[PDB]
Amino acid sequence: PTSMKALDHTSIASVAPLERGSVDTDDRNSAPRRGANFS
Amino acid sequence: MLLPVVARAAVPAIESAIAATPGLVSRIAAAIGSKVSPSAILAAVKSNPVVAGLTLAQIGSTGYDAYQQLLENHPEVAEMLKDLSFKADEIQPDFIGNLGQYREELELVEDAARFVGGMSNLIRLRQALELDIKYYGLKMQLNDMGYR
Amino acid sequence: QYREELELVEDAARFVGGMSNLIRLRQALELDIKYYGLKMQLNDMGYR
Amino acid sequence: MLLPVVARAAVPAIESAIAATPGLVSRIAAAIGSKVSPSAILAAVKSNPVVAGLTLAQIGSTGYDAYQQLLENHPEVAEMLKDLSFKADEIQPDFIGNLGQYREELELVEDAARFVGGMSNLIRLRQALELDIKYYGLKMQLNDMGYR
Amino acid sequence: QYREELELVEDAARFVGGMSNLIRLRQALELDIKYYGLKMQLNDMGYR
Amino acid sequence: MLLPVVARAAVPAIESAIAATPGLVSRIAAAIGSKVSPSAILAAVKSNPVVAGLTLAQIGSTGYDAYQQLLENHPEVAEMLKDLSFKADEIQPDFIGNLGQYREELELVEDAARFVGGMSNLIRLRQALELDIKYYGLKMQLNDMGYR
Amino acid sequence: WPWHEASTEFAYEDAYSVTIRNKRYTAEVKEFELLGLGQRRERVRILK
């Protein structure tokens with residue numbers, strides 16, 4: 001099969017924000033929140 | 001009932017544990033709730049995978065491979081078996097007061113991390129700054145030869 | 001003789017949710033208080 | 001320059017601490033980096049509120065009120081002094097592996113708390129179920145007499 | 001004799017941010033590894 | 001939580017290494033950060049696969065099969081386990097100056113390589129020129145008789 | 001720009017209970033069942 005391993009190892013031209021923050025937040029999921037009890 | 005792939009590894013395990021020592025028989029009879037006879041507890045194991053996992057939790061040396069194989073073949077039993085087999089650990093008296101001294105410092109680590117990038121990027125940057133200087137010279141020398 | 005017992009257990013299960021939910025709730029109310037203090041301190045430091 | 005409103009209460013407390021002991025004068029001279037003489041460190045206190053705050057961190061028995069007054073007057077000395085005053089506390093070797101044993105159980109506390117409501121709702125429900133039966137009987141009898 | 005030293009300090013501060021940021025980053029890279037492992041474990045259990 | 005497929009290969013190997021020698025137990029307790037007891041470090045191994053990989057790296061004789069099977073079944077742990085597992089490969093004092101003398105040679109090797117083809121073509125051509133002259137005479141005899 | 005400070009995670013569970021002649025009936029509900037979805041998607045975020 002046509003290999004793409006040489007084409008695979010590239011790099012994207014990185015360029016900095018004006019404001020930092022929100023870095024390590026890529027893959028996180030907390031539990032769903034409940035509703036209040038009804039009466 | 002119980003899967004035969006599980007049973008072929010679980011039944012001689014429990015039978016060999018009983019043949020090794022009989023004091024575990026009354027223990028699993030009290031823990032599961034069956035009659036103290038080995039035929040009764042073995043029929044309970046062959047009938048119910050929850051009972052089988054409870055017995056394979058009560059015997060731990062010769063039953064770990066059979067327990068993990070039951071956990072492979074029966075995915076539906078896992079949460080119920082973990083809920084039934086639960087023992088709360090004891091807490092140290094000084095643990096929360098010892099933890100409260102570190103709030104001033106995990107915040108420092110996170111403020112370093114928000115600048116550097118990932119937590120992995122912080123670890124690798126700290127390793128690179130702790131690294132020896134001859135590696136910097138070797139990097140400059142391989143780039144001096146025309147290798148990148 | 002156990003019909004007095006099982007009907008009460010099934011009513012508490014209908015209240016709470018699953019039977020496993022009832023078991024975990026009974027364990028959490030049976031649990032020690034220092035764990036509640038520990039979780040309150042982890043929420044105090046900003047961790048959820 | 002230090003403001004006189006702070007300086008009126010800040011200077012004689014440091015002077016009384018020096019008159020109590022001179023062994024802290026060498027400590028604060030090596031800490032700030034001024035001359036060991038009391039007039040030189042007192043001139044540094046009068047000329048720099050950061051040096052004044054570092055002295056009121058070295059001594060805090062009597063200088064706590066003056067430290068709070070300089071805190072309430074200047075915020076920027078505190079913003080810099082939190083960075084300049086940092087001691088990394090000692091961590092136990094058993095701490096993180098000890099904390100791993102509680103993962104199974106804080107999850108159980110939160111899975112109860114999401115159902116009950118708040119943390120205070122869980123604590124009050126725990127107390128109400130742990131409470132005596134005669135309080136339930138008193139509640140029923142006050143409802144029997146026609147009270148709510 | 002200190003023109004060699006202050007120039008390097010100010011060049012590092014230009015990259016990092018403020019001098020407060022330089023002091024805090026120097027403290028963090030001077031800090032022990034156990035705190036990094038502790039923060040990794042609290043993130044592993046699901047606490048931000 | 002660690003997979004049962006990994007756990008079947010991981011837990012008895014760690015238990016066998018501890019039963020073989022207990023001197024590794026304090027070593028892995030200081031490396032991971034748990035309590036020194038085998039039950040506590042086994043709870044840490046069963047709880048966290050990063051801790052499992054750290055233990056299977058610390059015991060090096062018997063844990064290679066379990067280490068590579070963990071690396072197969074948990075592919076996402078590899079980067080962080082490589083970040084935590086880092087030791088300084090010690091550099092030699094004469095290595096950079098000994099390396100700098102070979103620029104004269106590697107450039108000639110790469111230029112001959114570009115003239116021939118690949119490095120494989122260069123190695124095969126060097127073997128063809130190293131091979132005996134009797135083979136050239138034999139292949140001329142086969143070409144005269146008709147064997148291409 | 002920081003999209004994470006100006007967006008929020010959206011997941012929810014609620015339940016309705018009613019007594020019909022000395023028997024309590026509970027009805028759980030999730031957010032994807034309300035939104036017209038069949039599958040629980042977990043990547044999506046609402047701008048606050």
# chains A, B, ... in the order shown; residues from 1 in each chain; ligands from 1
>>> calpha_fit_and_write(fixed="chain F", moving="chain D", output="JSON list (two decimals) with C-alpha atoms, in the first residue's frame")
[["chain", "number", "residue", "atom", "x", "y", "z"],
["D", 1, "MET", "CA", -8.26, 2.06, 38.20],
["D", 2, "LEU", "CA", -6.32, -0.58, 36.27],
["D", 3, "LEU", "CA", -8.17, -2.78, 33.80],
["D", 4, "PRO", "CA", -8.54, -6.47, 34.75],
["D", 5, "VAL", "CA", -7.08, -7.74, 31.45],
["D", 6, "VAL", "CA", -3.77, -6.12, 32.39],
["D", 7, "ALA", "CA", -4.21, -6.76, 36.12],
["D", 8, "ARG", "CA", -4.51, -10.58, 35.80],
["D", 9, "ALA", "CA", -0.95, -10.82, 34.49],
["D", 10, "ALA", "CA", 0.40, -7.68, 36.17],
["D", 11, "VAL", "CA", -0.33, -8.36, 39.86],
["D", 12, "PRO", "CA", 1.23, -11.85, 40.45],
["D", 13, "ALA", "CA", 4.48, -10.94, 38.68],
["D", 14, "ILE", "CA", 4.98, -7.98, 41.02],
["D", 15, "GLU", "CA", 3.95, -10.19, 43.96],
["D", 16, "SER", "CA", 6.49, -12.84, 42.94],
["D", 17, "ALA", "CA", 9.20, -10.18, 42.60],
["D", 18, "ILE", "CA", 8.39, -8.97, 46.13],
["D", 19, "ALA", "CA", 8.50, -12.58, 47.36],
["D", 20, "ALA", "CA", 11.90, -12.86, 45.65],
["D", 21, "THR", "CA", 13.28, -9.76, 47.38],
["D", 22, "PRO", "CA", 11.95, -7.02, 49.69],
["D", 23, "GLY", "CA", 14.88, -4.72, 48.98],
["D", 24, "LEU", "CA", 13.10, -3.47, 45.86],
["D", 25, "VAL", "CA", 9.94, -2.67, 47.85],
["D", 26, "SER", "CA", 11.65, 0.25, 49.61],
["D", 27, "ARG", "CA", 13.00, 1.32, 46.20],
["D", 28, "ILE", "CA", 9.56, 1.39, 44.56],
["D", 29, "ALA", "CA", 8.04, 3.02, 47.66],
["D", 30, "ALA", "CA", 10.58, 5.84, 47.51],
["D", 31, "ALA", "CA", 10.20, 6.00, 43.72],
["D", 32, "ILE", "CA", 6.42, 6.33, 43.51],
["D", 33, "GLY", "CA", 5.96, 7.96, 46.91],
["D", 34, "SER", "CA", 3.60, 5.56, 48.65],
["D", 35, "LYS", "CA", 3.87, 3.69, 51.93],
["D", 36, "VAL", "CA", 6.63, 1.07, 52.24],
["D", 37, "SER", "CA", 4.13, -1.72, 52.96],
["D", 38, "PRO", "CA", 3.49, -4.24, 50.16],
["D", 39, "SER", "CA", -0.30, -4.01, 50.48],
["D", 40, "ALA", "CA", -0.16, -0.22, 50.06],
["D", 41, "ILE", "CA", 2.05, -0.33, 46.98],
["D", 42, "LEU", "CA", -0.06, -3.16, 45.53],
["D", 43, "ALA", "CA", -3.23, -1.12, 46.09],
["D", 44, "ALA", "CA", -1.49, 1.79, 44.35],
["D", 45, "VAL", "CA", -0.65, -0.53, 41.43],
["D", 46, "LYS", "CA", -4.27, -1.71, 41.25],
["D", 47, "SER", "CA", -5.66, 1.83, 41.47],
["D", 48, "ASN", "CA", -3.27, 3.66, 39.11],
["D", 49, "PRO", "CA", -1.82, 2.34, 35.82],
["D", 50, "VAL", "CA", 0.91, 5.02, 35.95],
["D", 51, "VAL", "CA", 2.08, 3.65, 39.31],
["D", 52, "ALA", "CA", 1.78, 0.15, 37.82],
["D", 53, "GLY", "CA", 4.00, 1.17, 34.90],
["D", 54, "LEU", "CA", 6.57, 2.76, 37.20],
["D", 55, "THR", "CA", 6.74, -0.49, 39.18],
["D", 56, "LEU", "CA", 7.07, -2.45, 35.93],
["D", 57, "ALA", "CA", 9.91, -0.10, 35.01],
["D", 58, "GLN", "CA", 11.65, -0.62, 38.36],
["D", 59, "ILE", "CA", 11.41, -4.40, 37.84],
["D", 60, "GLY", "CA", 11.58, -5.67, 34.28],
["D", 61, "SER", "CA", 13.08, -9.14, 34.61],
["D", 62, "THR", "CA", 9.75, -10.93, 35.05],
["D", 63, "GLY", "CA", 7.49, -7.91, 34.60],
["D", 64, "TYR", "CA", 8.45, -7.35, 30.97],
["D", 65, "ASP", "CA", 5.41, -9.21, 29.61],
["D", 66, "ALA", "CA", 3.05, -7.38, 31.98],
["D", 67, "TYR", "CA", 4.73, -4.10, 31.00],
["D", 68, "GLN", "CA", 4.14, -4.87, 27.32],
["D", 69, "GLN", "CA", 0.52, -5.80, 28.06],
["D", 70, "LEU", "CA", -0.14, -2.53, 29.91],
["D", 71, "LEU", "CA", 1.71, -0.77, 27.07],
["D", 72, "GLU", "CA", -0.54, -2.36, 24.44],
["D", 73, "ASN", "CA", -3.69, -1.66, 26.45],
["D", 74, "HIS", "CA", -3.18, 1.94, 27.56],
["D", 75, "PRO", "CA", -1.22, 4.37, 25.33],
["D", 76, "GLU", "CA", -1.52, 7.39, 27.61],
["D", 77, "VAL", "CA", 0.40, 5.74, 30.45],
["D", 78, "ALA", "CA", 3.27, 5.35, 27.98],
["D", 79, "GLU", "CA", 2.99, 8.94, 26.75],
["D", 80, "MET", "CA", 3.26, 10.13, 30.35],
["D", 81, "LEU", "CA", 5.77, 7.47, 31.42],
["D", 82, "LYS", "CA", 8.33, 8.40, 28.77],
["D", 83, "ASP", "CA", 8.35, 11.87, 30.35],
["D", 84, "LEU", "CA", 8.38, 10.62, 33.95],
["D", 85, "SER", "CA", 11.12, 8.06, 33.22],
["D", 86, "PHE", "CA", 14.17, 9.89, 31.90],
["D", 87, "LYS", "CA", 17.81, 9.36, 32.86],
["D", 88, "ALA", "CA", 20.34, 11.62, 31.18],
["D", 89, "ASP", "CA", 23.19, 9.40, 30.03],
["D", 90, "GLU", "CA", 26.80, 10.30, 30.76],
["D", 91, "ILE", "CA", 28.59, 12.05, 27.91],
["D", 92, "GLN", "CA", 32.30, 11.67, 27.25],
["D", 93, "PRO", "CA", 34.45, 14.80, 27.53],
["D", 94, "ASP", "CA", 36.17, 13.91, 24.25],
["D", 95, "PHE", "CA", 32.98, 13.31, 22.30],
["D", 96, "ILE", "CA", 32.29, 16.53, 20.39],
["D", 97, "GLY", "CA", 35.93, 17.28, 19.60],
["D", 98, "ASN", "CA", 36.32, 13.65, 18.59],
["D", 99, "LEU", "CA", 33.30, 14.00, 16.30],
["D", 100, "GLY", "CA", 34.84, 17.09, 14.72],
["D", 101, "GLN", "CA", 37.55, 14.90, 13.19],
["D", 102, "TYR", "CA", 35.04, 13.05, 10.97],
["D", 103, "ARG", "CA", 33.54, 16.07, 9.18],
["D", 104, "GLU", "CA", 36.19, 15.80, 6.45],
["D", 105, "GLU", "CA", 35.15, 12.23, 5.72],
["D", 106, "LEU", "CA", 31.39, 11.84, 6.11],
["D", 107, "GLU", "CA", 31.26, 14.52, 3.40],
["D", 108, "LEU", "CA", 33.33, 12.21, 1.21],
["D", 109, "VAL", "CA", 30.98, 9.28, 1.92],
["D", 110, "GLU", "CA", 27.94, 11.39, 0.94],
["D", 111, "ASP", "CA", 29.62, 12.76, -2.19],
["D", 112, "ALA", "CA", 30.16, 9.17, -3.26],
["D", 113, "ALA", "CA", 26.63, 8.12, -2.28],
["D", 114, "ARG", "CA", 24.92, 10.87, -4.30],
["D", 115, "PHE", "CA", 26.75, 9.66, -7.40],
["D", 116, "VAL", "CA", 26.26, 5.91, -6.92],
["D", 117, "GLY", "CA", 22.62, 6.15, -5.90],
["D", 118, "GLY", "CA", 21.50, 4.74, -2.60],
["D", 119, "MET", "CA", 23.52, 3.70, 0.41],
["D", 120, "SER", "CA", 22.80, 0.08, -0.53],
["D", 121, "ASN", "CA", 23.96, 0.81, -4.08],
["D", 122, "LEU", "CA", 27.25, 2.10, -2.67],
["D", 123, "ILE", "CA", 27.70, -0.94, -0.42],
["D", 124, "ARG", "CA", 26.93, -3.37, -3.24],
["D", 125, "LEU", "CA", 29.28, -1.53, -5.64],
["D", 126, "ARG", "CA", 32.00, -1.69, -2.98],
["D", 127, "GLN", "CA", 31.48, -5.43, -2.55],
["D", 128, "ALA", "CA", 31.40, -6.03, -6.31],
["D", 129, "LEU", "CA", 34.70, -4.23, -6.83],
["D", 130, "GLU", "CA", 36.26, -5.90, -3.80],
["D", 131, "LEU", "CA", 35.12, -9.31, -5.13],
["D", 132, "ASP", "CA", 37.53, -11.79, -6.74],
["D", 133, "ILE", "CA", 38.50, -11.83, -10.44],
["D", 134, "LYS", "CA", 37.40, -15.46, -10.94],
["D", 135, "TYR", "CA", 33.78, -14.41, -10.43],
["D", 136, "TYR", "CA", 34.16, -11.99, -13.36],
["D", 137, "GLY", "CA", 35.67, -14.84, -15.36],
["D", 138, "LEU", "CA", 32.79, -17.16, -14.45],
["D", 139, "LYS", "CA", 30.34, -14.45, -15.54],
["D", 140, "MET", "CA", 32.15, -14.09, -18.87],
["D", 141, "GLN", "CA", 32.20, -17.83, -19.47],
["D", 142, "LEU", "CA", 28.49, -18.27, -18.74],
["D", 143, "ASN", "CA", 27.89, -15.46, -21.21],
["D", 144, "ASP", "CA", 30.19, -17.21, -23.69],
["D", 145, "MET", "CA", 28.16, -20.42, -23.52],
["D", 146, "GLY", "CA", 24.97, -18.48, -24.23],
["D", 147, "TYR", "CA", 23.33, -17.79, -20.87],
["D", 148, "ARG", "CA", 21.85, -14.65, -19.32]]
>>> interface_residues(of="chain E", to="chain B", cutoff="8 Å", atoms="only C-alpha atoms", output="ChimeraX atom specification")
/E:24-25,28-29,35-36,39
>>> write_last_selection(atoms="N, CA, C and O atoms", output="tab-separated table (two decimals), in the first residue's frame")
chain	number	residue	atom	x	y	z
E	24	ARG	N	8.66	33.90	40.42
E	24	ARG	CA	7.77	32.75	40.60
E	24	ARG	C	8.19	31.58	39.72
E	24	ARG	O	8.12	30.42	40.15
E	25	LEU	N	8.68	31.85	38.51
E	25	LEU	CA	9.16	30.78	37.65
E	25	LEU	C	10.45	30.17	38.16
E	25	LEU	O	10.66	28.96	38.05
E	28	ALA	N	9.41	27.89	40.93
E	28	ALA	CA	8.79	26.67	40.42
E	28	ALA	C	9.82	25.71	39.85
E	28	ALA	O	9.73	24.50	40.08
E	29	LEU	N	10.81	26.22	39.13
E	29	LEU	CA	11.85	25.33	38.62
E	29	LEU	C	12.88	24.97	39.69
E	29	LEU	O	13.71	24.09	39.45
E	35	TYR	N	5.69	17.68	44.29
E	35	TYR	CA	4.55	18.56	44.07
E	35	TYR	C	4.01	18.41	42.65
E	35	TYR	O	2.78	18.48	42.45
E	36	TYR	N	4.88	18.17	41.68
E	36	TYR	CA	4.42	17.92	40.32
E	36	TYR	C	3.66	16.60	40.24
E	36	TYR	O	2.61	16.52	39.59
E	39	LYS	N	0.19	17.18	41.77
E	39	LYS	CA	-0.76	17.86	40.90
E	39	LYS	C	-1.22	16.95	39.77
E	39	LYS	O	-2.39	16.98	39.37
>>> atom_distance(atom1="CA of residue 2 (chain A)", atom2="CA of residue 14 (chain A)")
29.4 Å
>>> atom_distance(atom1="CA of residue 47 (chain G)", atom2="CA of residue 8 (chain G)")
6.3 Å
>>> select_by_dssp(residues="chain C", states="helix (DSSP H, G or I)", output="count of residues only")
37
>>> closest_atom_pairs(of="chain C", to="chain G", cutoff="12 Å", atoms="only C-alpha atoms", output="tab-separated table")
residue	atom	partner	partner_atom	distance
C:10	CA	G:23	CA	11.7
C:11	CA	G:24	CA	8.8
C:12	CA	G:24	CA	10.6
C:13	CA	G:24	CA	11.1
C:14	CA	G:24	CA	7.5
C:15	CA	G:24	CA	7.4
C:16	CA	G:26	CA	9.6
C:17	CA	G:26	CA	8.7
C:18	CA	G:26	CA	11.7
>>> write_last_selection(atoms="N, CA, C and O atoms", output="PDB file, in the first residue's frame")
ATOM      1  N   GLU C  10     -37.783  -2.762  48.860  1.00  0.00           N
ATOM      2  CA  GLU C  10     -38.189  -2.378  47.509  1.00  0.00           C
ATOM      3  C   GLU C  10     -38.749  -0.962  47.454  1.00  0.00           C
ATOM      4  O   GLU C  10     -38.551  -0.266  46.454  1.00  0.00           O
ATOM      5  N   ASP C  11     -39.422  -0.507  48.518  1.00  0.00           N
ATOM      6  CA  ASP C  11     -39.872   0.883  48.554  1.00  0.00           C
ATOM      7  C   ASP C  11     -38.704   1.857  48.637  1.00  0.00           C
ATOM      8  O   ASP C  11     -38.714   2.890  47.957  1.00  0.00           O
ATOM      9  N   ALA C  12     -37.694   1.545  49.456  1.00  0.00           N
ATOM     10  CA  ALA C  12     -36.511   2.401  49.511  1.00  0.00           C
ATOM     11  C   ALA C  12     -35.749   2.396  48.190  1.00  0.00           C
ATOM     12  O   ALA C  12     -35.176   3.425  47.801  1.00  0.00           O
ATOM     13  N   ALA C  13     -35.756   1.267  47.476  1.00  0.00           N
ATOM     14  CA  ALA C  13     -35.125   1.220  46.161  1.00  0.00           C
ATOM     15  C   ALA C  13     -35.883   2.067  45.149  1.00  0.00           C
ATOM     16  O   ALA C  13     -35.264   2.778  44.350  1.00  0.00           O
ATOM     17  N   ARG C  14     -37.219   2.013  45.172  1.00  0.00           N
ATOM     18  CA  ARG C  14     -38.021   2.884  44.314  1.00  0.00           C
ATOM     19  C   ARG C  14     -37.815   4.355  44.639  1.00  0.00           C
ATOM     20  O   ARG C  14     -37.915   5.202  43.747  1.00  0.00           O
ATOM     21  N   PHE C  15     -37.556   4.680  45.907  1.00  0.00           N
ATOM     22  CA  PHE C  15     -37.238   6.061  46.253  1.00  0.00           C
ATOM     23  C   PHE C  15     -35.894   6.496  45.693  1.00  0.00           C
ATOM     24  O   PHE C  15     -35.808   7.527  45.019  1.00  0.00           O
ATOM     25  N   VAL C  16     -34.836   5.739  45.975  1.00  0.00           N
ATOM     26  CA  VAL C  16     -33.487   6.204  45.660  1.00  0.00           C
ATOM     27  C   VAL C  16     -33.206   6.098  44.167  1.00  0.00           C
ATOM     28  O   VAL C  16     -32.775   7.066  43.529  1.00  0.00           O
ATOM     29  N   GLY C  17     -33.451   4.929  43.583  1.00  0.00           N
ATOM     30  CA  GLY C  17     -33.041   4.690  42.213  1.00  0.00           C
ATOM     31  C   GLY C  17     -32.747   3.229  41.949  1.00  0.00           C
ATOM     32  O   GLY C  17     -33.621   2.373  42.093  1.00  0.00           O
ATOM     33  N   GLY C  18     -31.535   2.931  41.512  1.00  0.00           N
ATOM     34  CA  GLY C  18     -31.124   1.553  41.403  1.00  0.00           C
ATOM     35  C   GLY C  18     -30.833   0.929  42.753  1.00  0.00           C
ATOM     36  O   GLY C  18     -30.656   1.604  43.771  1.00  0.00           O
TER      37      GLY C  18
END
>>> interface_residues(of="chain C", to="chain E", cutoff="8 Å", atoms="only C-alpha atoms", output="list in words")
residues 46, 47 and 48 of chain C
>>> write_last_selection(atoms="C-alpha atoms", output="PDB file, in the first residue's frame")
ATOM      1  CA  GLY C  46     -10.491  25.342  44.051  1.00  0.00           C
ATOM      2  CA  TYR C  47     -10.652  21.701  42.971  1.00  0.00           C
ATOM      3  CA  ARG C  48     -13.900  20.166  41.811  1.00  0.00           C
TER       4      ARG C  48
END
>>> residues_around(residues="residue 9 (chain G)", least_positions_apart="4", cutoff="8 Å", atoms="only C-alpha atoms", output="list in words")
residues 44, 45 and 46 of chain G
>>> write_last_selection(atoms="N, CA, C and O atoms", output="PDB file, in the first residue's frame")
ATOM      1  N   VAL G  44     -19.407  19.177  22.884  1.00  0.00           N
ATOM      2  CA  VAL G  44     -19.989  20.450  22.485  1.00  0.00           C
ATOM      3  C   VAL G  44     -20.086  21.394  23.675  1.00  0.00           C
ATOM      4  O   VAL G  44     -20.244  20.979  24.829  1.00  0.00           O
ATOM      5  N   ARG G  45     -19.934  22.685  23.391  1.00  0.00           N
ATOM      6  CA  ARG G  45     -19.835  23.716  24.408  1.00  0.00           C
ATOM      7  C   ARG G  45     -20.681  24.901  23.977  1.00  0.00           C
ATOM      8  O   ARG G  45     -20.782  25.206  22.787  1.00  0.00           O
ATOM      9  N   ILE G  46     -21.302  25.556  24.950  1.00  0.00           N
ATOM     10  CA  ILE G  46     -22.212  26.664  24.695  1.00  0.00           C
ATOM     11  C   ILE G  46     -21.478  27.953  25.015  1.00  0.00           C
ATOM     12  O   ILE G  46     -20.838  28.057  26.062  1.00  0.00           O
TER      13      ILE G  46
END
>>> atom_distance(atom1="CA of residue 13 (chain G)", atom2="CA of residue 30 (chain G)")
4.8 Å
